[PDB]
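> My structure is stored as run11.pdb, with PDB, C-alpha atoms.
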```pdb
ATOM      1  CA  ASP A   1     -20.480-124.416 -55.195  1.00  0.00           C
ATOM      2  CA  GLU A   2     -17.992-121.739 -54.145  1.00  0.00           C
ATOM      3  CA  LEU A   3     -19.320-121.873 -50.577  1.00  0.00           C
ATOM      4  CA  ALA A   4     -18.862-125.657 -50.585  1.00  0.00           C
ATOM      5  CA  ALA A   5     -15.320-125.192 -51.916  1.00  0.00           C
ATOM      6  CA  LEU A   6     -14.438-122.897 -48.998  1.00  0.00           C
ATOM      7  CA  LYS A   7     -15.261-125.694 -46.527  1.00  0.00           C
ATOM      8  CA  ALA A   8     -13.153-128.039 -48.686  1.00  0.00           C
ATOM      9  CA  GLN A   9     -10.334-125.475 -48.740  1.00  0.00           C
ATOM     10  CA  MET A  10      -9.685-125.792 -44.993  1.00  0.00           C
ATOM     11  CA  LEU A  11      -8.886-129.460 -45.657  1.00  0.00           C
TER      12      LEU A  11
ATOM     13  CA  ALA B   1     -28.301-151.503 -77.486  1.00  0.00           C
ATOM     14  CA  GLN B   2     -28.989-152.040 -73.788  1.00  0.00           C
ATOM     15  CA  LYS B   3     -25.473-153.405 -73.306  1.00  0.00           C
ATOM     16  CA  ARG B   4     -24.042-150.396 -75.133  1.00  0.00           C
ATOM     17  CA  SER B   5     -26.128-148.071 -72.972  1.00  0.00           C
ATOM     18  CA  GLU B   6     -24.927-149.868 -69.849  1.00  0.00           C
ATOM     19  CA  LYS B   7     -21.319-149.538 -70.993  1.00  0.00           C
ATOM     20  CA  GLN B   8     -21.773-145.803 -71.514  1.00  0.00           C
ATOM     21  CA  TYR B   9     -23.340-145.519 -68.063  1.00  0.00           C
ATOM     22  CA  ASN B  10     -20.477-147.540 -66.597  1.00  0.00           C
ATOM     23  CA  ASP B  11     -17.933-145.279 -68.284  1.00  0.00           C
ATOM     24  CA  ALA B  12     -19.616-142.209 -66.802  1.00  0.00           C
ATOM     25  CA  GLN B  13     -19.460-143.760 -63.333  1.00  0.00           C
ATOM     26  CA  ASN B  14     -15.764-144.503 -63.812  1.00  0.00           C
ATOM     27  CA  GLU B  15     -15.136-140.921 -64.915  1.00  0.00           C
ATOM     28  CA  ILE B  16     -16.907-139.611 -61.815  1.00  0.00           C
ATOM     29  CA  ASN B  17     -14.681-141.736 -59.581  1.00  0.00           C
ATOM     30  CA  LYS B  18     -11.581-140.325 -61.279  1.00  0.00           C
ATOM     31  CA  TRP B  19     -12.962-136.807 -60.835  1.00  0.00           C
ATOM     32  CA  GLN B  20     -13.544-137.450 -57.127  1.00  0.00           C
ATOM     33  CA  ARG B  21      -9.876-138.399 -56.709  1.00  0.00           C
ATOM     34  CA  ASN B  22      -8.890-135.198 -58.527  1.00  0.00           C
ATOM     35  CA  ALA B  23     -11.098-133.156 -56.187  1.00  0.00           C
ATOM     36  CA  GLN B  24      -9.282-134.645 -53.185  1.00  0.00           C
ATOM     37  CA  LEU B  25      -5.957-133.779 -54.830  1.00  0.00           C
ATOM     38  CA  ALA B  26      -7.122-130.192 -55.351  1.00  0.00           C
ATOM     39  CA  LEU B  27      -7.856-129.839 -51.632  1.00  0.00           C
ATOM     40  CA  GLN B  28      -4.326-131.043 -50.859  1.00  0.00           C
ATOM     41  CA  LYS B  29      -2.895-128.704 -53.519  1.00  0.00           C
ATOM     42  CA  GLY B  30      -5.171-125.824 -52.497  1.00  0.00           C
ATOM     43  CA  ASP B  31      -6.259-125.051 -56.050  1.00  0.00           C
ATOM     44  CA  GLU B  32      -9.834-123.686 -56.319  1.00  0.00           C
ATOM     45  CA  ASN B  33     -10.154-124.237 -60.076  1.00  0.00           C
ATOM     46  CA  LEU B  34      -9.374-127.962 -60.086  1.00  0.00           C
ATOM     47  CA  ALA B  35     -11.937-128.654 -57.361  1.00  0.00           C
ATOM     48  CA  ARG B  36     -14.603-126.569 -59.098  1.00  0.00           C
ATOM     49  CA  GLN B  37     -14.130-128.337 -62.432  1.00  0.00           C
ATOM     50  CA  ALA B  38     -14.542-131.784 -60.883  1.00  0.00           C
ATOM     51  CA  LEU B  39     -17.788-130.793 -59.174  1.00  0.00           C
ATOM     52  CA  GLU B  40     -19.192-129.368 -62.403  1.00  0.00           C
ATOM     53  CA  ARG B  41     -18.181-132.517 -64.274  1.00  0.00           C
ATOM     54  CA  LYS B  42     -19.838-134.720 -61.670  1.00  0.00           C
ATOM     55  CA  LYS B  43     -23.130-132.818 -61.912  1.00  0.00           C
ATOM     56  CA  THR B  44     -23.466-132.981 -65.711  1.00  0.00           C
ATOM     57  CA  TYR B  45     -22.462-136.646 -65.666  1.00  0.00           C
ATOM     58  CA  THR B  46     -25.062-137.368 -62.990  1.00  0.00           C
ATOM     59  CA  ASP B  47     -27.721-135.670 -65.112  1.00  0.00           C
ATOM     60  CA  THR B  48     -26.539-137.655 -68.130  1.00  0.00           C
ATOM     61  CA  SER B  49     -26.647-140.855 -66.086  1.00  0.00           C
ATOM     62  CA  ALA B  50     -30.214-140.101 -65.019  1.00  0.00           C
ATOM     63  CA  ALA B  51     -31.200-139.554 -68.648  1.00  0.00           C
ATOM     64  CA  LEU B  52     -29.478-142.806 -69.590  1.00  0.00           C
TER      65      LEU B  52
END
```
Before anything else, please render the file you have as structure tokens.

Amino acid sequence: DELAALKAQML
Amino acid sequence: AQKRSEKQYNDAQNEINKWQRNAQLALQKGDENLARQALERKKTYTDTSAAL
């Protein structure tokens, strides 16, 4: 989930 | 009972939609915690929906 969040974080 | 069950299922779907909007807001606000909470909420709700 954290890894997914990192991708989301760029946006 | 079926109608009541459907209503509960419908409510869960509505909650998920609200959570999705919150997740988008978190990305804009750059808050890790808000985004994480929404994802967790979506998963339990999905499991609950499947059970329903």
> Contacts of stretch 6-9 of chain A at 9 Å or less, counting all atoms listed in the file, minus same-chain residues fewer than 4 places along, as a ChimeraX atom specification?
/A:1-2 /B:24,26-28,30-32,35
> Within 12 Å of (-10.3, -127.7, -61.6), in the coordinates the file gives, what residues turn up when you count only C-alpha atoms, written out as an NGL selection string?
(:A and (5)) or (:B and (19-27 or 29-42))
> By how many Å are atom CA of residue B:52 and atom CA of residue B:8 apart?
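These atoms are spaced 8.5 Å apart.
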> Work out how far atom CA of residue B:45 is from atom CA of residue A:10, in Å to one decimal.
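Atom-to-atom, atom CA of residue A:10 and atom CA of residue B:45 are spaced 26.6 Å apart.
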> With 6 Å on each side, where is the centre of the axis-aligned box around all listed atoms of stretch 16-29 of chain B, and how long are its edges in Å to one decimal, as AutoDock Vina command-line options?

```
--center_x -9.9 --center_y -135.2 --center_z -56.3 --size_x 26.0 --size_y 25.0 --size_z 23.0
```
> Find, counting only C-alpha atoms, the residue in B:49, B:43, B:2, B:13 that gets nearest to chain A.
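Using only C-alpha atoms, chain A sits closest to B:43.
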> In Å, with one decimal, what is the gap from atom CA of residue B:7 to atom CA of residue B:50?
14.3 Å
> Could N, CA, C and O atoms be built for chain A and written out as a PDB file, in the frame of the given file?

```
ATOM      1  N   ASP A   1     -21.646-123.568 -54.974  1.00  0.00           N
ATOM      2  CA  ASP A   1     -20.480-124.416 -55.195  1.00  0.00           C
ATOM      3  C   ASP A   1     -19.244-123.788 -54.565  1.00  0.00           C
ATOM      4  O   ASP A   1     -18.420-124.479 -53.966  1.00  0.00           O
ATOM      5  N   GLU A   2     -19.121-122.471 -54.706  1.00  0.00           N
ATOM      6  CA  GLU A   2     -17.992-121.739 -54.145  1.00  0.00           C
ATOM      7  C   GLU A   2     -17.994-121.847 -52.623  1.00  0.00           C
ATOM      8  O   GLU A   2     -16.942-122.000 -52.003  1.00  0.00           O
ATOM      9  N   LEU A   3     -19.180-121.764 -52.025  1.00  0.00           N
ATOM     10  CA  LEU A   3     -19.320-121.873 -50.577  1.00  0.00           C
ATOM     11  C   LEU A   3     -18.869-123.255 -50.113  1.00  0.00           C
ATOM     12  O   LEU A   3     -18.197-123.390 -49.091  1.00  0.00           O
ATOM     13  N   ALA A   4     -19.245-124.280 -50.877  1.00  0.00           N
ATOM     14  CA  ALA A   4     -18.862-125.657 -50.585  1.00  0.00           C
ATOM     15  C   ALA A   4     -17.345-125.817 -50.684  1.00  0.00           C
ATOM     16  O   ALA A   4     -16.726-126.516 -49.882  1.00  0.00           O
ATOM     17  N   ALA A   5     -16.759-125.157 -51.680  1.00  0.00           N
ATOM     18  CA  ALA A   5     -15.320-125.192 -51.916  1.00  0.00           C
ATOM     19  C   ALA A   5     -14.549-124.603 -50.736  1.00  0.00           C
ATOM     20  O   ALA A   5     -13.480-125.099 -50.378  1.00  0.00           O
ATOM     21  N   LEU A   6     -15.090-123.547 -50.132  1.00  0.00           N
ATOM     22  CA  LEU A   6     -14.438-122.897 -48.998  1.00  0.00           C
ATOM     23  C   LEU A   6     -14.288-123.876 -47.833  1.00  0.00           C
ATOM     24  O   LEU A   6     -13.251-123.898 -47.170  1.00  0.00           O
ATOM     25  N   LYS A   7     -15.317-124.684 -47.584  1.00  0.00           N
ATOM     26  CA  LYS A   7     -15.261-125.694 -46.527  1.00  0.00           C
ATOM     27  C   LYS A   7     -14.182-126.725 -46.868  1.00  0.00           C
ATOM     28  O   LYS A   7     -13.423-127.164 -46.005  1.00  0.00           O
ATOM     29  N   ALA A   8     -14.133-127.098 -48.146  1.00  0.00           N
ATOM     30  CA  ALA A   8     -13.153-128.039 -48.686  1.00  0.00           C
ATOM     31  C   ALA A   8     -11.731-127.484 -48.580  1.00  0.00           C
ATOM     32  O   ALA A   8     -10.776-128.222 -48.337  1.00  0.00           O
ATOM     33  N   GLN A   9     -11.611-126.173 -48.768  1.00  0.00           N
ATOM     34  CA  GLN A   9     -10.334-125.475 -48.740  1.00  0.00           C
ATOM     35  C   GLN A   9      -9.604-125.628 -47.408  1.00  0.00           C
ATOM     36  O   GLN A   9      -8.375-125.712 -47.394  1.00  0.00           O
ATOM     37  N   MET A  10     -10.334-125.647 -46.293  1.00  0.00           N
ATOM     38  CA  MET A  10      -9.685-125.792 -44.993  1.00  0.00           C
ATOM     39  C   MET A  10      -8.939-127.121 -44.998  1.00  0.00           C
ATOM     40  O   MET A  10      -7.791-127.192 -44.558  1.00  0.00           O
ATOM     41  N   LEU A  11      -9.587-128.181 -45.501  1.00  0.00           N
ATOM     42  CA  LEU A  11      -8.886-129.460 -45.657  1.00  0.00           C
ATOM     43  C   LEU A  11      -7.890-129.435 -46.823  1.00  0.00           C
ATOM     44  O   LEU A  11      -6.834-129.987 -46.757  1.00  0.00           O
TER      45      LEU A  11
END
```
